[PDB]
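Here's structure-v1.pdb, which has PDB, C-alpha atoms:
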```pdb
MODEL        1
ATOM      1  CA  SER A   3     168.285 182.808 198.704
ATOM      2  CA  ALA A   4     172.138 182.945 198.312
ATOM      3  CA  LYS A   5     171.497 182.834 194.556
ATOM      4  CA  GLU A   6     169.166 185.865 194.967
ATOM      5  CA  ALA A   7     171.835 187.640 197.080
ATOM      6  CA  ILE A   8     174.496 187.091 194.380
ATOM      7  CA  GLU A   9     172.042 188.223 191.697
ATOM      8  CA  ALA A  10     171.555 191.492 193.743
ATOM      9  CA  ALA A  11     175.307 191.987 194.050
ATOM     10  CA  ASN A  12     175.640 191.428 190.299
ATOM     11  CA  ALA A  13     172.952 194.022 189.574
ATOM     12  CA  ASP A  14     175.009 196.583 191.514
ATOM     13  CA  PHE A  15     178.174 195.429 189.727
ATOM     14  CA  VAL A  16     176.647 195.915 186.283
ATOM     15  CA  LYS A  17     175.185 199.261 187.239
ATOM     16  CA  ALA A  18     178.565 200.500 188.399
ATOM     17  CA  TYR A  19     180.358 199.124 185.333
ATOM     18  CA  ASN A  20     177.864 200.628 182.891
ATOM     19  CA  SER A  21     177.952 203.983 184.749
ATOM     20  CA  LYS A  22     181.723 204.000 184.112
ATOM     21  CA  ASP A  23     182.495 203.833 187.857
ATOM     22  CA  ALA A  24     185.630 201.713 188.209
ATOM     23  CA  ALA A  25     185.933 202.470 191.952
ATOM     24  CA  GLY A  26     182.302 201.351 192.355
ATOM     25  CA  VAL A  27     182.971 198.069 190.608
ATOM     26  CA  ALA A  28     186.119 197.433 192.671
ATOM     27  CA  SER A  29     184.149 198.104 195.869
ATOM     28  CA  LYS A  30     182.178 194.888 195.219
ATOM     29  CA  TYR A  31     185.359 192.835 195.721
ATOM     30  CA  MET A  32     187.033 191.809 198.934
ATOM     31  CA  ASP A  33     190.206 193.819 199.537
ATOM     32  CA  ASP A  34     192.200 190.609 199.166
ATOM     33  CA  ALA A  35     190.274 189.366 196.076
ATOM     34  CA  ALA A  36     191.982 188.257 192.906
ATOM     35  CA  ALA A  37     190.876 188.472 189.261
ATOM     36  CA  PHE A  38     192.141 186.146 186.514
ATOM     37  CA  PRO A  39     191.738 187.941 183.143
ATOM     38  CA  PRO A  40     192.426 186.146 179.883
ATOM     39  CA  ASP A  41     195.824 186.991 178.414
ATOM     40  CA  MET A  42     196.898 188.976 181.516
ATOM     41  CA  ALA A  43     198.603 188.066 184.731
ATOM     42  CA  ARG A  44     196.506 187.452 187.819
ATOM     43  CA  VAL A  45     195.391 190.762 189.380
ATOM     44  CA  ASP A  46     195.523 190.994 193.164
ATOM     45  CA  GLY A  47     193.771 193.345 195.494
ATOM     46  CA  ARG A  48     191.004 195.859 195.218
ATOM     47  CA  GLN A  49     193.126 198.811 193.961
ATOM     48  CA  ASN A  50     194.677 196.753 191.125
ATOM     49  CA  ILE A  51     191.223 195.354 190.348
ATOM     50  CA  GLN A  52     189.932 198.961 189.971
ATOM     51  CA  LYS A  53     192.715 199.558 187.423
ATOM     52  CA  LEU A  54     191.715 196.395 185.575
ATOM     53  CA  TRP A  55     188.122 197.562 185.190
ATOM     54  CA  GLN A  56     189.145 201.094 184.336
ATOM     55  CA  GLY A  57     191.272 199.567 181.599
ATOM     56  CA  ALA A  58     188.213 197.751 180.256
ATOM     57  CA  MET A  59     186.300 201.022 180.175
ATOM     58  CA  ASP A  60     189.244 202.793 178.461
ATOM     59  CA  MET A  61     189.209 200.111 175.745
ATOM     60  CA  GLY A  62     185.534 200.787 175.038
ATOM     61  CA  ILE A  63     183.986 197.741 176.746
ATOM     62  CA  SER A  64     180.379 198.699 177.371
ATOM     63  CA  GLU A  65     176.831 197.368 178.040
ATOM     64  CA  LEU A  66     177.938 194.599 180.377
ATOM     65  CA  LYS A  67     175.277 192.030 181.224
ATOM     66  CA  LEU A  68     175.671 189.145 183.667
ATOM     67  CA  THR A  69     173.438 186.088 183.962
ATOM     68  CA  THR A  70     173.844 183.856 187.021
ATOM     69  CA  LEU A  71     173.400 180.225 185.982
ATOM     70  CA  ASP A  72     173.966 178.436 189.293
ATOM     71  CA  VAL A  73     175.141 179.124 192.864
ATOM     72  CA  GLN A  74     176.286 176.756 195.613
ATOM     73  CA  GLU A  75     176.563 178.051 199.108
ATOM     74  CA  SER A  76     179.164 176.678 201.503
ATOM     75  CA  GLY A  77     179.588 178.451 204.833
ATOM     76  CA  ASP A  78     181.516 181.700 204.299
ATOM     77  CA  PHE A  79     181.858 180.960 200.551
ATOM     78  CA  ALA A  80     179.497 180.733 197.605
ATOM     79  CA  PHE A  81     180.372 179.436 194.139
ATOM     80  CA  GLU A  82     178.693 181.124 191.187
ATOM     81  CA  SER A  83     178.865 180.197 187.502
ATOM     82  CA  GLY A  84     177.354 182.391 184.845
ATOM     83  CA  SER A  85     177.449 183.957 181.430
ATOM     84  CA  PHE A  86     178.233 187.467 180.265
ATOM     85  CA  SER A  87     177.656 189.641 177.240
ATOM     86  CA  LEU A  88     179.133 193.009 176.321
ATOM     87  CA  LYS A  89     179.955 195.280 173.417
ATOM     88  CA  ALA A  90     183.354 196.479 172.301
ATOM     89  CA  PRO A  91     184.460 198.585 169.294
ATOM     90  CA  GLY A  92     185.611 196.764 166.168
ATOM     91  CA  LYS A  93     188.562 197.792 163.945
ATOM     92  CA  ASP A  94     185.831 199.543 161.902
ATOM     93  CA  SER A  95     184.988 201.486 165.168
ATOM     94  CA  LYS A  96     181.580 199.719 165.000
ATOM     95  CA  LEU A  97     180.491 198.079 168.321
ATOM     96  CA  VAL A  98     180.687 194.260 168.122
ATOM     97  CA  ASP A  99     178.857 191.909 170.513
ATOM     98  CA  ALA A 100     180.988 189.535 172.650
ATOM     99  CA  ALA A 101     180.020 186.810 175.086
ATOM    100  CA  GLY A 102     181.609 184.473 177.554
ATOM    101  CA  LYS A 103     181.416 182.628 180.825
ATOM    102  CA  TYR A 104     182.725 182.877 184.341
ATOM    103  CA  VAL A 105     183.167 181.390 187.775
ATOM    104  CA  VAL A 106     183.243 183.525 190.900
ATOM    105  CA  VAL A 107     184.146 182.498 194.418
ATOM    106  CA  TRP A 108     182.190 184.853 196.631
ATOM    107  CA  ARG A 109     183.051 185.348 200.329
ATOM    108  CA  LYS A 110     180.723 186.610 203.092
ATOM    109  CA  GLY A 111     182.198 189.472 205.125
ATOM    110  CA  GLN A 112     181.729 190.059 208.831
ATOM    111  CA  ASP A 113     179.133 192.778 207.955
ATOM    112  CA  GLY A 114     177.074 190.001 206.278
ATOM    113  CA  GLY A 115     177.570 191.132 202.647
ATOM    114  CA  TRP A 116     178.764 188.864 199.858
ATOM    115  CA  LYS A 117     181.775 190.170 197.955
ATOM    116  CA  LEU A 118     183.770 188.826 195.046
ATOM    117  CA  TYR A 119     186.842 186.914 196.190
ATOM    118  CA  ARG A 120     188.108 185.053 193.057
ATOM    119  CA  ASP A 121     186.850 186.202 189.617
ATOM    120  CA  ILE A 122     187.797 184.274 186.478
ATOM    121  CA  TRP A 123     186.285 184.346 183.013
ATOM    122  CA  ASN A 124     186.879 183.604 179.315
ATOM    123  CA  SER A 125     185.195 183.971 175.938
ATOM    124  CA  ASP A 126     182.542 181.935 174.093
ATOM    125  CA  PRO A 127     181.905 181.729 170.370
ATOM    126  CA  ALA A 128     178.877 183.688 168.982
ATOM    127  CA  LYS A 129     175.550 181.816 168.942
TER     128      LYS A 129
ATOM    129  CA  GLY I   1     194.465 161.755 209.050
ATOM    130  CA  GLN I   2     194.436 162.897 205.406
ATOM    131  CA  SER I   3     193.533 166.582 204.863
ATOM    132  CA  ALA I   4     191.419 168.017 202.007
ATOM    133  CA  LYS I   5     194.518 169.649 200.498
ATOM    134  CA  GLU I   6     196.297 166.256 200.564
ATOM    135  CA  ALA I   7     193.323 164.536 198.934
ATOM    136  CA  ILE I   8     193.226 167.264 196.273
ATOM    137  CA  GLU I   9     196.939 166.794 195.607
ATOM    138  CA  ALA I  10     196.409 163.032 195.094
ATOM    139  CA  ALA I  11     193.427 163.792 192.764
ATOM    140  CA  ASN I  12     195.529 166.210 190.722
ATOM    141  CA  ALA I  13     198.217 163.579 190.360
ATOM    142  CA  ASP I  14     195.528 161.159 189.077
ATOM    143  CA  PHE I  15     194.368 163.905 186.653
ATOM    144  CA  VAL I  16     197.809 164.669 185.145
ATOM    145  CA  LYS I  17     198.625 160.929 184.874
ATOM    146  CA  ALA I  18     195.365 160.268 182.997
ATOM    147  CA  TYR I  19     195.882 163.272 180.714
ATOM    148  CA  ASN I  20     199.404 162.381 179.800
ATOM    149  CA  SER I  21     198.306 158.750 179.246
ATOM    150  CA  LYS I  22     195.855 160.092 176.625
ATOM    151  CA  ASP I  23     193.063 158.616 178.707
ATOM    152  CA  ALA I  24     190.091 160.974 178.421
ATOM    153  CA  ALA I  25     187.789 158.661 180.387
ATOM    154  CA  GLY I  26     190.385 158.655 183.180
ATOM    155  CA  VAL I  27     190.530 162.458 183.168
ATOM    156  CA  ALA I  28     186.743 162.838 183.083
ATOM    157  CA  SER I  29     186.420 160.329 185.968
ATOM    158  CA  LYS I  30     188.007 162.946 188.275
ATOM    159  CA  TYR I  31     184.965 165.210 187.793
ATOM    160  CA  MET I  32     181.623 165.118 189.558
ATOM    161  CA  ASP I  33     178.796 163.812 187.436
ATOM    162  CA  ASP I  34     177.276 167.326 187.361
ATOM    163  CA  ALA I  35     180.573 169.180 186.970
ATOM    164  CA  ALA I  36     181.152 171.891 184.384
ATOM    165  CA  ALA I  37     184.295 172.885 182.478
ATOM    166  CA  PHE I  38     184.833 176.328 180.966
ATOM    167  CA  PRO I  39     187.236 176.105 178.041
ATOM    168  CA  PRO I  40     188.354 179.371 176.481
ATOM    169  CA  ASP I  41     186.793 180.144 173.056
ATOM    170  CA  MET I  42     184.400 177.217 173.374
ATOM    171  CA  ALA I  43     181.002 176.814 174.953
ATOM    172  CA  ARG I  44     180.648 175.699 178.536
ATOM    173  CA  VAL I  45     180.764 171.896 178.855
ATOM    174  CA  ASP I  46     178.353 170.314 181.316
ATOM    175  CA  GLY I  47     178.518 166.862 182.871
ATOM    176  CA  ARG I  48     181.107 164.141 183.078
ATOM    177  CA  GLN I  49     180.401 162.509 179.738
ATOM    178  CA  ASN I  50     180.686 165.791 177.855
ATOM    179  CA  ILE I  51     183.811 166.651 179.814
ATOM    180  CA  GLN I  52     185.279 163.419 178.564
ATOM    181  CA  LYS I  53     184.500 164.529 175.006
ATOM    182  CA  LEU I  54     186.170 167.870 175.694
ATOM    183  CA  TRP I  55     189.378 166.248 176.861
ATOM    184  CA  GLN I  56     189.311 163.660 174.075
ATOM    185  CA  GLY I  57     189.145 166.621 171.682
ATOM    186  CA  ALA I  58     192.159 168.340 173.278
ATOM    187  CA  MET I  59     194.073 165.079 172.969
ATOM    188  CA  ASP I  60     192.988 164.631 169.341
ATOM    189  CA  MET I  61     194.319 168.139 168.640
ATOM    190  CA  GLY I  62     197.701 167.067 169.919
ATOM    191  CA  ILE I  63     197.781 169.008 173.200
ATOM    192  CA  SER I  64     200.474 167.342 175.320
ATOM    193  CA  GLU I  65     202.790 167.432 178.285
ATOM    194  CA  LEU I  66     200.338 168.811 180.854
ATOM    195  CA  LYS I  67     201.920 170.209 184.041
ATOM    196  CA  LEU I  68     199.824 171.651 186.879
ATOM    197  CA  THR I  69     201.073 173.749 189.799
ATOM    198  CA  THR I  70     198.714 174.333 192.729
ATOM    199  CA  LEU I  71     199.202 177.828 194.151
ATOM    200  CA  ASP I  72     196.393 178.036 196.755
ATOM    201  CA  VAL I  73     193.731 175.724 198.204
ATOM    202  CA  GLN I  74     191.002 176.804 200.587
ATOM    203  CA  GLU I  75     188.590 174.351 202.110
ATOM    204  CA  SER I  76     184.997 174.931 203.079
ATOM    205  CA  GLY I  77     183.461 171.752 204.429
ATOM    206  CA  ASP I  78     182.630 169.416 201.495
ATOM    207  CA  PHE I  79     183.724 172.104 198.999
ATOM    208  CA  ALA I  80     187.098 173.634 198.331
ATOM    209  CA  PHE I  81     188.645 175.912 195.744
ATOM    210  CA  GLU I  82     192.051 175.811 194.173
ATOM    211  CA  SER I  83     193.951 178.311 192.039
ATOM    212  CA  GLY I  84     197.049 177.423 190.107
ATOM    213  CA  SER I  85     199.016 177.568 186.948
ATOM    214  CA  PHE I  86     199.416 175.197 184.001
ATOM    215  CA  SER I  87     201.844 174.638 181.216
ATOM    216  CA  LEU I  88     201.549 172.380 178.213
ATOM    217  CA  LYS I  89     202.546 171.952 174.593
ATOM    218  CA  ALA I  90     199.804 172.901 172.125
ATOM    219  CA  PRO I  91     199.712 173.462 168.374
ATOM    220  CA  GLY I  92     200.036 177.183 167.620
ATOM    221  CA  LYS I  93     198.398 179.181 164.831
ATOM    222  CA  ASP I  94     200.763 177.500 162.372
ATOM    223  CA  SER I  95     199.876 174.035 163.811
ATOM    224  CA  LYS I  96     203.393 173.634 165.252
ATOM    225  CA  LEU I  97     203.686 172.635 168.899
ATOM    226  CA  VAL I  98     204.600 175.539 171.166
ATOM    227  CA  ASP I  99     204.647 176.165 174.934
ATOM    228  CA  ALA I 100     201.394 177.472 176.311
ATOM    229  CA  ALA I 101     200.859 178.555 179.896
ATOM    230  CA  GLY I 102     198.053 179.959 181.956
ATOM    231  CA  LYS I 103     196.108 180.066 185.203
ATOM    232  CA  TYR I 104     193.104 178.204 186.530
ATOM    233  CA  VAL I 105     190.522 178.058 189.291
ATOM    234  CA  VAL I 106     188.855 174.785 190.269
ATOM    235  CA  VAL I 107     185.928 174.379 192.657
ATOM    236  CA  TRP I 108     186.341 170.903 194.213
ATOM    237  CA  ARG I 109     183.609 168.859 195.907
ATOM    238  CA  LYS I 110     183.778 165.839 198.207
ATOM    239  CA  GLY I 111     181.513 163.099 196.855
ATOM    240  CA  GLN I 112     179.349 160.764 198.946
ATOM    241  CA  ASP I 113     182.095 158.119 198.517
ATOM    242  CA  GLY I 114     184.622 160.449 200.158
ATOM    243  CA  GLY I 115     186.386 161.172 196.852
ATOM    244  CA  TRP I 116     187.337 164.774 196.027
ATOM    245  CA  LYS I 117     186.327 165.629 192.470
ATOM    246  CA  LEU I 118     186.420 168.683 190.187
ATOM    247  CA  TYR I 119     183.078 170.506 190.141
ATOM    248  CA  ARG I 120     183.959 173.709 188.233
ATOM    249  CA  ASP I 121     187.081 173.888 186.046
ATOM    250  CA  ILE I 122     187.960 177.144 184.336
ATOM    251  CA  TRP I 123     191.212 178.487 182.936
ATOM    252  CA  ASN I 124     192.726 181.004 180.601
ATOM    253  CA  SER I 125     196.091 182.055 179.148
ATOM    254  CA  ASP I 126     198.882 184.131 180.623
ATOM    255  CA  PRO I 127     200.616 186.750 178.498
ATOM    256  CA  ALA I 128     203.733 185.969 176.453
TER     257      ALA I 128
ENDMDL
END
```
Write the structure described by the file as structure tokens, please.
Amino acid sequence: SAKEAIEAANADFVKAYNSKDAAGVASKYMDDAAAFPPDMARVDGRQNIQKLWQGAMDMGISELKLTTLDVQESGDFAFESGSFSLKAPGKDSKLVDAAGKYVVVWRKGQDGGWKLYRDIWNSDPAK
Amino acid sequence: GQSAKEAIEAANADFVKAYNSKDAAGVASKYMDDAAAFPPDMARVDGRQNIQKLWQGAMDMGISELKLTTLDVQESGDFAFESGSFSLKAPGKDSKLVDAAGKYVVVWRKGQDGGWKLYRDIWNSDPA
């Protein structure tokens, strides 16, 4: 299913992020993708997206987890919404849990593989 | 013939008019029944009625003067996606109104009645 395909791509994404492989993460995006991080300007293109994720790693963001909630397929696009969790150091240096939510526009390449095309997220309160 | 991008522009005009009229029902009416909104620092909001409540809450907090700028629209049959920017006046940490700006992505869907409606609506802030 396209939902299963996106879940597979997300498994690879998480593995690369948690292995501290910023190039690996960026490779899951289209070369002309864009990311929309909270409190930062829009980030365009795979190389700048690598720098974004490297920055996350450098700030101690770790143990990323993604849960796909729903996917709608539409031709060469698929629309995914989901939740995330992660850990990041507190002022105390102690790792604090954080969660949030996202929407991704995925695009299907000529080689048949789904890749991230627009990636936007923000934070949720603890529950 | 009217294009998807034209229909989306007319819908966005409807949206901003309703918001700035403090008409939360009017704003929520632009969403699909099974839409979801993704407000920063709040839980995901699912369904039109709850989306109304979300916007009513923004209004009750005093958030005002909504301006939207569409930067890209791509169509895909009975779906489309839009990215853009917003600006508004919102109470700051001291409760005084200040300029706030940010970016958004909307996944749009064409309903059975031909009407383009928001299906996923997510946004966040730009840096100062």
Residue 16 (chain I): which residues within 10 Å, counting only C-alpha atoms, same-chain residues fewer than 3 positions away excluded, as a short mmCIF file (atom, residue, chain, number, x, y, z; two decimals) with C-alpha atoms, in the frame of the given file?
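In the end it all went to result.cif:
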```cif
data_model
loop_
_atom_site.label_atom_id
_atom_site.label_comp_id
_atom_site.auth_asym_id
_atom_site.auth_seq_id
_atom_site.Cartn_x
_atom_site.Cartn_y
_atom_site.Cartn_z
CA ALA I 11 193.43 163.79 192.76
CA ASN I 12 195.53 166.21 190.72
CA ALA I 13 198.22 163.58 190.36
CA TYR I 19 195.88 163.27 180.71
CA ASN I 20 199.40 162.38 179.80
CA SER I 21 198.31 158.75 179.25
CA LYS I 22 195.86 160.09 176.62
CA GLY I 26 190.38 158.66 183.18
CA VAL I 27 190.53 162.46 183.17
CA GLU I 65 202.79 167.43 178.28
CA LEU I 66 200.34 168.81 180.85
CA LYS I 67 201.92 170.21 184.04
CA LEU I 68 199.82 171.65 186.88
#
```
Give me, as JSON, numbers by chain, the residues of chain I touching chain A, with the criterion being at most 12 Å (counting only C-alpha atoms). {"I": [34, 35, 36, 37, 38, 39, 40, 41, 42, 43, 44, 45, 46, 71, 72, 74, 75, 76, 77, 78, 79, 80, 81, 82, 83, 84, 85, 100, 101, 102, 103, 104, 105, 106, 107, 108, 109, 119, 120, 121, 122, 123, 124, 125, 126, 127, 128]}
Show which residues sit within 12 Å of residue 55 (chain A), as a PyMOL selection string. Count all atoms listed in the file, and ignore same-chain residues fewer than 3 positions away. chain A and resi 15-16+18-20+22-31+37+39+45+48-52+58-64+66
What does the structure give for the distance between CA of residue 118 (chain A) and CA of residue 35 (chain A), in Å to one decimal?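 Interatomic distance, CA of residue 118 (chain A) to CA of residue 35 (chain A): 6.6 Å.
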Neighbour list for residue 64 (chain I) as a ChimeraX atom specification, cut-off 7 Å, all atoms listed in the file, skip fewer than 4 positions in-chain: /I:20,88-90
Would you compute the box with edges along x, y and z of the file around region 70-81 of chain A, including every atom the file lists for it and 5 Å extra on each side, and give its centre and edge lengths in Å to one decimal, as AutoDock Vina command-line options?
```
--center_x 177.6 --center_y 180.3 --center_z 195.4 --size_x 18.5 --size_y 17.2 --size_z 28.9
```
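Checking A:116, A:98, A:65, A:86 one by one against residue 6 (chain A), counting all atoms listed in the file, you find the shortest gap at A:116.
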